[PDB]
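One structure is given below, encoded as structure tokens.
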Amino acid sequence: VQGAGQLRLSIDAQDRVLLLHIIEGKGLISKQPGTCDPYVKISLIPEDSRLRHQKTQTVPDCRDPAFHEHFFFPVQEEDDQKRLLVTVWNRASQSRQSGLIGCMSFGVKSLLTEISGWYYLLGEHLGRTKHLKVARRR
Amino acid sequence: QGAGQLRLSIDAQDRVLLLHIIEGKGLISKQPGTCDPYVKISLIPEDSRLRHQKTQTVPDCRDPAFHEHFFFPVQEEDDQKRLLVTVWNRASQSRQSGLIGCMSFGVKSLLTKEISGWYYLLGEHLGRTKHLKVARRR
């Protein structure tokens, strides 16, 4: 699964404080059998800690979820070489069973020097290395 | 790139992984300062750290001797995940700890494969996709 769907988001930086707006998702593809109950988790990588992780609500049984949630992710100089990871998960009753639908990432330093629109959900490996916007072709 | 080598052993016993993290060699940390490594074991992808396990942190040593045994129980639902072995360079605050290198092993394959000896520490992206043993060359 190369393209697991699309996510609409916005990212703006304000004095070393990342403002993320996770709007909605579309055409989500989950290889797990059953309902699609997605949520979005934001974090930085690589980082051996989850204290900074943040997530949206879980939208039950929907392949085109409307999140409409804003996040404030503060970053510091020491985070410049990390990447902001945005991951869509398919919730399971027990966390360890939750499957990864797709992900994408943005370099932290590059975000401090604006993102907005639809982006593709990439694979568990590829998504940690880049992001790909959905062309507007306007 | 190669961030050093790690000597380990992995054996499966009735859906219970027995890992033996022996020692590391030639560790390369791009962070300025002492090299204070520790090894963290986990499964990916997985939105939870409850199953994560780590070794002691060996202060100021590029060829650390861990000599630690781990028991990582896995279940049928974990077959499609990968066992990730990551070497971290400890910082006073976790978020500042840098990743030295990593490698991974498919869970299903581990239940079949003879993991015992020296392996290369791969990059933060490549290491989540495979492992590479250090050839004995007879």
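By convention in this document, the chains of the structure tokens carry letters A, B, ... by their order, each chain's residues are numbered from 1, and ligands are numbered from 1 in the order they are shown.
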
Each residue of chain A with at least one atom at most 7 Å from chain B should appear once, together with its nearest atom pair and the corresponding distance in Å (one decimal); atoms considered: only C-alpha atoms; ordering: chain, then increasing residue number; output as CSV.
residue,atom,partner,partner_atom,distance
A:46,CA,B:99,CA,6.7
A:47,CA,B:95,CA,5.7
A:48,CA,B:94,CA,6.2
A:49,CA,B:95,CA,6.3
A:95,CA,B:47,CA,6.2
A:96,CA,B:46,CA,5.7
A:98,CA,B:47,CA,7.0
A:100,CA,B:45,CA,6.7
A:125,CA,B:125,CA,6.8

Those same residues, written as a compact mmCIF listing (two decimals), in the first residue's frame with N, CA, C and O atoms?
# COMPACT_ATOMS: atom_id res chain seq x y z
N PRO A 46 13.88 11.61 15.23
CA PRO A 46 13.82 10.52 16.22
C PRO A 46 13.80 11.11 17.63
O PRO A 46 14.41 12.16 17.88
N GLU A 47 13.09 10.46 18.54
CA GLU A 47 13.01 10.93 19.91
C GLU A 47 12.53 9.81 20.81
O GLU A 47 11.46 9.25 20.61
N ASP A 48 13.34 9.48 21.81
CA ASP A 48 12.99 8.41 22.73
C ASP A 48 12.13 8.93 23.88
O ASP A 48 12.56 8.95 25.03
N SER A 49 10.91 9.36 23.57
CA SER A 49 9.98 9.88 24.56
C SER A 49 8.64 10.18 23.90
O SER A 49 8.60 10.58 22.73
N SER A 95 -4.40 -0.74 22.44
CA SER A 95 -3.44 0.03 21.64
C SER A 95 -2.48 -0.78 20.77
O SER A 95 -2.29 -0.45 19.59
N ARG A 96 -1.89 -1.83 21.33
CA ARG A 96 -0.93 -2.64 20.57
C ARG A 96 -1.53 -3.23 19.29
O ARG A 96 -0.79 -3.62 18.38
N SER A 98 -3.68 -1.51 17.36
CA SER A 98 -4.00 -0.43 16.42
C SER A 98 -3.04 -0.47 15.24
O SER A 98 -1.83 -0.52 15.41
N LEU A 100 -1.30 0.97 11.60
CA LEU A 100 -0.90 2.23 10.99
C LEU A 100 -1.51 2.31 9.59
O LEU A 100 -1.33 1.41 8.78
N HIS A 125 7.45 3.40 6.33
CA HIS A 125 8.87 3.71 6.22
C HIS A 125 9.05 5.00 5.43
O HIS A 125 9.64 5.96 5.91

From the DSSP assignment of the backbone, select every residue of range 15-116 of chain A that is alpha helix (DSSP H), and format the answer as a JSON list (two decimals) with C-alpha atoms, in the first residue's frame.
[["chain", "number", "residue", "atom", "x", "y", "z"],
["A", 108, "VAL", "CA", 11.55, 20.88, 11.70],
["A", 109, "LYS", "CA", 14.14, 23.42, 10.53],
["A", 110, "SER", "CA", 12.34, 23.86, 7.22],
["A", 111, "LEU", "CA", 9.08, 24.56, 9.10]]

Notebook entry, point to check: Which polymer residues have any atom within 12 Å of an atom of range 59-71 of chain B, counting only C-alpha atoms, with same-chain residues fewer than 4 positions away left out, as number ranges by chain?
Noted result: B: 3-29, 33-42, 51-55, 85, 87-91, 100

Item checked: Who sits within 9 Å of residue 124 in chain A, only C-alpha atoms, same chain under 5 positions skipped, as a ChimeraX atom specification -> /A:87,100-104 /B:45

Near range 21-37 of chain A, counting only C-alpha atoms, which residues have an atom at most 8 Å away, once you skip same-chain residues fewer than 4 positions from it, shown as a tab-separated table (two decimals) with C-alpha atoms, in the first residue's frame?
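Printed below is around-v3.tsv as written:
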chain	number	residue	atom	x	y	z
A	4	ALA	CA	-3.21	5.03	1.96
A	5	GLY	CA	-5.39	8.09	1.48
A	6	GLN	CA	-5.14	11.86	1.80
A	7	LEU	CA	-5.05	14.23	4.77
A	8	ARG	CA	-5.83	17.96	4.72
A	9	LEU	CA	-3.76	20.00	7.14
A	10	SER	CA	-2.08	23.29	7.87
A	11	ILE	CA	1.18	24.05	9.64
A	58	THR	CA	-10.89	8.97	17.02
A	59	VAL	CA	-13.62	9.23	14.35
A	60	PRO	CA	-15.57	5.95	14.42
A	61	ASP	CA	-16.35	4.00	11.25
A	62	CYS	CA	-15.37	6.64	8.68
A	63	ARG	CA	-12.97	6.54	5.72
A	64	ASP	CA	-13.19	10.32	5.25
A	65	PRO	CA	-12.98	11.66	8.84
A	66	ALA	CA	-13.50	15.31	9.79
A	67	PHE	CA	-11.13	16.17	12.65
A	68	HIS	CA	-11.10	19.97	12.66
A	69	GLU	CA	-8.59	20.06	15.51
A	70	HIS	CA	-5.81	22.57	16.27
A	71	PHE	CA	-2.51	21.67	17.94
A	89	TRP	CA	-3.80	5.16	13.08
A	90	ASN	CA	-6.74	2.73	12.93
A	91	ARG	CA	-7.79	2.35	16.61
A	99	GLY	CA	-2.78	-0.48	12.83
A	100	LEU	CA	-0.90	2.23	10.99
A	101	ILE	CA	-2.86	3.57	8.02

Notebook entry, point to check: Quick one: distance from CA of residue 109 in chain B to CA of residue 75 in chain B in Å, one decimal?
Noted result: 13.3 Å

Next item on the list: Kindly indicate which residue among A:112, A:18, A:88, A:132 lies nearest to residue 39 in chain A, using only C-alpha atoms for the distances.
Entry: A:88

Next item on the list: Would you work out the distance separating CA of residue 77 in chain A from CA of residue 84 in chain B, expressed in Å to one decimal?
Entry: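 Rounded to one decimal, the two atoms are 28.0 Å apart.
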
Next item on the list: Can you check which residues of chain A DSSP gives as strand (DSSP E or B) on the backbone and send them as number ranges by chain?
Entry: A: 6-13, 17-26, 38-45, 54-55, 66-74, 83-90, 99-107, 115-120, 122, 133

Once you have the residues from the selection above, write them out as a short mmCIF file (atom, residue, chain, number, x, y, z; two decimals), in the first residue's frame, restricted to C-alpha atoms.
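Result file follows (selection.cif):
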data_model
loop_
_atom_site.label_atom_id
_atom_site.label_comp_id
_atom_site.auth_asym_id
_atom_site.auth_seq_id
_atom_site.Cartn_x
_atom_site.Cartn_y
_atom_site.Cartn_z
CA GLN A 6 -5.14 11.86 1.80
CA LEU A 7 -5.05 14.23 4.77
CA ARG A 8 -5.83 17.96 4.72
CA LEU A 9 -3.76 20.00 7.14
CA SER A 10 -2.08 23.29 7.87
CA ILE A 11 1.18 24.05 9.64
CA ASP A 12 2.46 27.48 10.66
CA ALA A 13 5.31 28.50 12.95
CA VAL A 17 5.75 27.15 18.39
CA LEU A 18 4.23 24.95 15.70
CA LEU A 19 0.53 25.51 15.02
CA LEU A 20 -0.98 22.46 13.33
CA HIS A 21 -4.51 22.28 12.02
CA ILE A 22 -5.61 18.72 11.21
CA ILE A 23 -8.73 19.35 9.12
CA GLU A 24 -9.98 16.12 7.52
CA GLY A 25 -8.96 12.87 5.88
CA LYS A 26 -10.13 11.25 2.65
CA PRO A 38 -8.90 6.73 12.52
CA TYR A 39 -7.13 9.25 14.69
CA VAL A 40 -4.04 11.33 13.95
CA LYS A 41 -0.94 11.36 16.12
CA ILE A 42 1.71 14.09 15.95
CA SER A 43 5.26 13.67 17.23
CA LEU A 44 8.89 14.39 16.48
CA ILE A 45 11.44 11.84 15.30
CA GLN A 54 -0.43 14.69 20.69
CA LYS A 55 -3.47 13.17 19.00
CA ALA A 66 -13.50 15.31 9.79
CA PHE A 67 -11.13 16.17 12.65
CA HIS A 68 -11.10 19.97 12.66
CA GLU A 69 -8.59 20.06 15.51
CA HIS A 70 -5.81 22.57 16.27
CA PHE A 71 -2.51 21.67 17.94
CA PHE A 72 0.34 23.67 19.46
CA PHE A 73 3.64 21.83 19.32
CA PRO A 74 6.47 23.86 20.86
CA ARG A 83 11.22 15.72 11.67
CA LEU A 84 7.60 16.41 12.53
CA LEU A 85 5.76 13.10 11.97
CA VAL A 86 2.01 13.02 11.26
CA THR A 87 0.55 9.51 11.52
CA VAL A 88 -2.96 8.20 10.95
CA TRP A 89 -3.80 5.16 13.08
CA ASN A 90 -6.74 2.73 12.93
CA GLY A 99 -2.78 -0.48 12.83
CA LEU A 100 -0.90 2.23 10.99
CA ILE A 101 -2.86 3.57 8.02
CA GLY A 102 -0.28 6.04 6.71
CA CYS A 103 2.12 8.85 7.60
CA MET A 104 4.14 11.83 6.35
CA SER A 105 6.80 14.08 7.83
CA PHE A 106 8.17 17.61 7.63
CA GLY A 107 11.69 18.72 8.55
CA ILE A 115 2.10 24.32 4.77
CA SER A 116 -1.55 24.01 3.74
CA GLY A 117 -3.69 21.69 1.67
CA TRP A 118 -4.10 18.02 0.88
CA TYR A 119 -1.17 15.63 1.36
CA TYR A 120 -0.75 11.90 0.66
CA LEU A 122 2.66 7.36 2.73
CA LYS A 133 1.26 17.10 -1.50
#

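Nearest-residue note for residue 120 in chain B: choosing from B:108, B:102, B:136, B:83, the minimum distance belongs to B:102, counting only C-alpha atoms.
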
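Interatomic distance, CA of residue 110 in chain B to CA of residue 127 in chain A: 25.5 Å.
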